[PDB]
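Heads up: the structure comes next, in structure tokens.
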Amino acid sequence: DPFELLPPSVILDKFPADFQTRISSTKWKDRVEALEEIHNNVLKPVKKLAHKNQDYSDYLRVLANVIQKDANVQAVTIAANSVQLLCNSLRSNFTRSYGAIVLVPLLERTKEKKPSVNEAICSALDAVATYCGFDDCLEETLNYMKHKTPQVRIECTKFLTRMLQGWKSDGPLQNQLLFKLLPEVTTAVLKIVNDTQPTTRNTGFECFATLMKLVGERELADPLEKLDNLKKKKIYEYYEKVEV
Amino acid sequence: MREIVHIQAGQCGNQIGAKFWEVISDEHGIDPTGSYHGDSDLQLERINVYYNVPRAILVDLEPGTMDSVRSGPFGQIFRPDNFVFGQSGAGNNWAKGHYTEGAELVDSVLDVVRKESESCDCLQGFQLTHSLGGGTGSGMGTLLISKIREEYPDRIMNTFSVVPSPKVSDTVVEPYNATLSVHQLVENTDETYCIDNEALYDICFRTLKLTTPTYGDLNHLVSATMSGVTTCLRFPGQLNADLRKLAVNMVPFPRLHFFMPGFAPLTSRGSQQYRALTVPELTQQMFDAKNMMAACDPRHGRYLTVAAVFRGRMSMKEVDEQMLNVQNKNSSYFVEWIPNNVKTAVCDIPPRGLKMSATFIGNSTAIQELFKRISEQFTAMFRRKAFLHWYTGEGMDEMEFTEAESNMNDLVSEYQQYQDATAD
Amino acid sequence: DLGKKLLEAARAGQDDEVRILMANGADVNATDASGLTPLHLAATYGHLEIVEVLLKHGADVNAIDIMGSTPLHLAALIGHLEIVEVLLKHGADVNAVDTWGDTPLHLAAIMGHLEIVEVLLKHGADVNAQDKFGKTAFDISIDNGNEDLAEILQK
Ligand SMILES: Nc1nc2c(ncn2[C@@H]2O[C@H](COP(=O)(O)OP(=O)(O)O)[C@@H](O)[C@H]2O)c(=O)[nH]1
Ligand SMILES: [Mg+2]
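Residue numbers (our numbering), protein chains in the order written: chain A, 410 to 653; chain B, 1230 to 1653; chain C, 4 to 158.
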């Protein structure tokens, strides 16, 4: 039985009048308090949002505006926790418009290295993943693995690793993963496996051993050969320690 | 590996920064108008490193500092676009520099950094001067570093960070700001020269016999040290030529990249050095802890790597002999498991005023004494939770202080480990 | 609660609004959460007129908090020489100890408040007093490289 059947809650009426100006202010603490209020007072209490006839794509596009561009890392952290709350308490809503409105902003902001902030950004990326499985994430997650910032590479690749452990096998073997497996997924994971940095390379080694686990260590034996014998035994190390 | 982009942030940043430009502009023969009036090719051989006009960016939240620089002697030479200044100041609040006010301005700074880097044949890396006890130099500087680290990860990051001491400012939040900043530098920079105000006062007071040193007096010791360590970078030379090669031969473990600088001879502001020192005398200003710019005793630790820079006309044969001597006559103080860990280099052009000089860059485990002092002051403050509402109000979390406390103590333990290590 | 408004004022340093709240009979020794009286807070953030106002209305000069911190501890930590001599004149505990084993002489020495160190010493401070780890005020000067303080401790 789906426990979600409990009656749903509505939050649109909860918002205050002084809010759009507060979030769109020059003073950081105005923005912080504005976000922090609707999160602790309006979102954190509830346990199910209103599926029927509720347009959050005005609220969610201003969470994206701050998660991407807002210079206050604190305003980022409290916004991604709001984004997670929406995606968590309102499952099966973020089909495209919602999911895509916050996706590419979130991937840009993995650049943040502060533990508390990387905690919140990634956990929100886990929320959209668990309810927008490989809709747009696979196409856009790869894009930002190719990005110039070192931190966004290791984190968006760790993201593909997170998603891959929770992968779905519905339908035959012509899912979105196989349509783009060798063409895109593997060609992009090798760019991580062959990075200049070790901590970057070491994420690829897991993100390749979690790949083999899903799609057969025989299918990918072709790019295995082109890889160093020295990197091979690191990849195999994770293959032995990774579950499904 | 040619050009270096320079940055100075905060009050102290622009003070010792401008002093540095004063010194090496003279050494390179550039006037305040920006015209060459030298008389040697060894001067313009590697002028493209620091000049184009300086490749210098000036930053502060305090807008007054703008004029304190331009109204200075060489204040006319800096590019007007490269001045990037805020409206209000940080007021000794690291959080204001790193999260709130300094973060709002940091974009404008990166735009100028980009512009100067855009027109570089081949960039080497960056160079930041700043104080650690402040709010702007520490908070916005360390934030600028990470923002560059991620925008330019294929480049070197080299900082001239000055440590606060009660002997120079009685502000008690400086242990907070400096500890939080060291938590950044150990993770974000390839090499950092540790300038200790504690040691600058003890040198001006005890060795130079000045009863009350001013900033200018301490800044004289700093600007001369900077030109000394950057001698290899600015003139032709085989050894420690570029930033990366230096750090490669100086930093054996990524976190332990905090150099204890020191140089000789110690002179006053425009005093007379009647008899130029001999080579064995200069050499015997290395272990001499009264010449270290960081308040640490090399006798209480062990050297991992050492770089010596002798400036002036002198016997290369005698320098080699004296350096090879002092190493083996104190063999218990240099780590055995790193062979040929001391490296010497000579430059014929001396620094202005002096006939001979010698700079002594050292990665000594004794530097743990410095981090001990900051940590005990930080913890004494933090256990009573004083002034925490400043930082927490600006969006910081109390947890951050605990992490920075523990991370610096791990840094201390690491230095202690390699000190007690054996080759056997 | 009027004892909570008097802590808000004594901390942030509104000298006038202390007289207002105290004329309304506010608890001069009102504890916040960690046991800090207003005298604690004013002595931390350097509000000399607020210290002398609370003391003469009857503020426990040797009040401790949840961690055993007296107001003289906090004044000697931050370095408020004006307040230190006011507390001592009102019978402060010169050799008070706190939960970490420190005396006010320990804190003034750690923070390099050499002018306050000499005041505490002349009021009969325990130079040989030890902390939890077992270190005296003289050991801190030895460990911290401060020879200006070592000479001021053996005077
Ligand atoms: N050596 C040196 N240290 C300084 C100078 N100015 C400030 N400091 C030190 O830097 C700390 C204050 O930080 P400051 O740079 O003034 O604050 P900021 O403007 O916010 O960066 C204190 O520990 C001072 O002792 C200077 O001109 N020379
Ligand atoms: Mg300042």
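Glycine included, C-beta positions come from ideal geometry on N, C-alpha and C.
Integer Cβ distance of residue i from residue j, believed to fall under 8 Å
i, j, result
"residue 1323(B)", "residue 1368(B)", "4 Å"
"residue 1522(B)", "residue 1424(B)", "5 Å"
"residue 1391(B)", "residue 1426(B)", "6 Å"
"residue 574(A)", "residue 608(A)", "Not confirmed; about 20 Å, so no contact."
"residue 1303(B)", "residue 1254(B)", "6 Å"
"residue 541(A)", "residue 554(A)", "The Cβ separation is near 18 Å, so there is no contact."
"residue 75(C)", "residue 96(C)", "7 Å"
"residue 42(C)", "residue 66(C)", "7 Å"
"residue 1464(B)", "residue 1308(B)", "So it is not a contact: roughly 24 Å between Cβ atoms."
"residue 1411(B)", "residue 1372(B)", "The Cβ separation is near 14 Å, so there is no contact."
"residue 40(C)", "residue 19(C)", "Residue 40(C) to residue 19(C), Cβ: 20 Å. No contact."
Neighbour-count burial assignment, residue i, 16 or more Cβ in a 10 Å radius
i, result
"residue 118(C)", "exposed"
"residue 1420(B)", "buried"
"residue 1456(B)", "buried"
"residue 1237(B)", "buried"
"residue 1503(B)", "exposed"
"residue 1282(B)", "exposed"
"residue 1280(B)", "buried"
"residue 548(A)", "exposed"
"residue 1482(B)", "exposed"
"residue 1535(B)", "buried"
"residue 1541(B)", "buried"
"residue 1266(B)", "exposed"
"residue 1549(B)", "exposed"
"residue 2(C)", "Because residue 2(C) is not part of the residues shown, which for chain C are 4 to 158, the question remains open."
"residue 1551(B)", "buried"
"residue 98(C)", "exposed"
Any non-hydrogen atom of ligand 1 within 7 Å of residue i CB
i, result
"residue 1362(B)", "yes"
"residue 149(C)", "no"
"residue 1287(B)", "no"
"residue 1245(B)", "yes"
"residue 1490(B)", "no"
"residue 1291(B)", "yes"
"residue 1398(B)", "yes"
"residue 1393(B)", "yes"
"residue 1553(B)", "no"
"residue 474(A)", "no"
"residue 1495(B)", "no"
"residue 1373(B)", "no"
In DSSP terms, what residue i is bridged to
i, result
"residue 1572(B)", "1536(B)"
"residue 1425(B)", "1392(B)"
"residue 1235(B)", "1285(B), 1356(B)"
"residue 1592(B)", "1534(B)"
"residue 1280(B)", "1283(B)"
"residue 458(A)", "418(A)"
"residue 1586(B)", "1540(B)"
"residue 649(A)", "According to DSSP, which records beta bridges pairwise, residue 649(A) is partnered with nothing at all."
"residue 1492(B)", "1588(B)"
"residue 1521(B)", "1491(B)"
"residue 1313(B)", "1288(B)"
"residue 1387(B)", "1356(B), 1420(B)"
Any non-hydrogen atom of ligand 2 closer than 7 Å to residue i Cβ
i, result
"residue 1365(B)", "yes"
"residue 1240(B)", "yes"
"residue 1368(B)", "no"
"residue 1315(B)", "no"
"residue 1331(B)", "no"
"residue 1718(B)", "Residue 1718(B) lies beyond the residue range present for chain B, which begins at 1230 and ends at 1653; the question has no answer from this structure."
Check your understanding: Name the residues in the region 456 to 485 of chain A whose C-beta lies less than 7 Å from a C-beta of chain B; which are they?
Key -> 480, 481, 482, 483
Point to revise | Interface positions of the region 503 to 522 of chain A facing chain B (Cβ-Cβ less than 9 Å), listed along the chain | key: 520, 522
Exercise for review: Give, in chain order, every residue of the region 1310 to 1330 of chain B whose Cβ lies closer than 7 Å to some Cβ of chain A.
Suggested key: Going along the region 1310 to 1330 of chain B in chain order, one finds 1328, 1329 with a Cβ nearer than 7 Å to chain A.
Exercise for review: Compile a chain-ordered list of the residues in the region 426 to 447 of chain A whose CB is closer than 9 Å to at least one CB of chain B.
Suggested key: 435, 437, 438, 441
Check your understanding: For the region 555 to 583 of chain A, which residues have a beta carbon sitting closer than 9 Å to at least one beta carbon of chain B?
Key -> 557, 558, 559, 560, 561
Practice item. Anything in the region 1365 to 1386 of chain B with a Cβ closer than 9 Å to a Cβ of chain A? List those residues in chain order, please. Key: Of all residues in the region 1365 to 1386 of chain B, 1375, 1378, 1379, 1380, 1382, 1383 have a Cβ within less than 9 Å of some Cβ in chain A.
Check your understanding: At a Cβ cut of 7 Å, what residues of the region 99 to 115 of chain C count as close to chain B, listed as they run along the chain?
Key -> So the list reads 103, 110, 113, 114, 115, given in the order they occur along the chain.
Practice item. Determine which residues of the region 1595 to 1607 of chain B have a Cβ less than 8 Å from any Cβ of chain C, and write them out in chain order. Key: 1598, 1601, 1602, 1605, 1606
**Study point:** Where the region 69 to 93 of chain C meets chain B: residues whose CB sits under 8 Å from a CB there
**Key:** 70, 72, 76, 77, 80, 81, 82
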